[PDB]
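So for the sequence shown, PDB author numbering puts the first residue at 117; every next one is plus one.
We treat Cβ as the ideally placed atom computed from N, Cα and C, and that holds for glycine.
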Amino acid sequence: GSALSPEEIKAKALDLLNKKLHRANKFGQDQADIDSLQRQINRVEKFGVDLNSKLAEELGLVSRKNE
């Protein structure tokens, strides 16, 4: 065990981002925010989630920003 397998993190990220992207578009959220989600999602499909990306922060894998 220990940690999450890339397949799970990638799918988990894609699922979370997909839901946001789908939810964002469904209500007409900020177009820029939706496209940003798309760029990150597509990046996950090709390379996956980055330990140092906004996605990883949203996923709760690492710290976003602290003083």
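Spatial distance of residue i from residue j (CA atoms)
i: residue 156; j: residue 171; result: 7 Å
i: residue 182; j: residue 117; result: 30 Å
i: residue 140; j: residue 146; result: 8 Å
i: residue 143; j: residue 152; result: 16 Å
i: residue 132; j: residue 175; result: 8 Å
i: residue 149; j: residue 159; result: 15 Å
i: residue 162; j: residue 177; result: 19 Å
i: residue 120; j: residue 169; result: 17 Å
Same chain only: Cβ atoms within 8 Å of residue i, ignoring 5 sequence neighbours per side
i: residue 164; result: 122, 125, 126, 129
i: residue 134; result: 157
Spatial neighbours of residue i in its chain, beta-carbon cut-off 7 Å, leaving aside the 5 residues before and after
i: residue 154; result: 137
i: residue 180; result: 173
i: residue 167; result: 177, 178
Three-state class that DSSP yields for residue i in the structure shown
i: residue 172; result: helix
i: residue 181; result: coil
Could you pull out every unbroken beta strand (DSSP E) segment of at least 3 residues lying fully inside the stretch 121-159, listed in chain order? none
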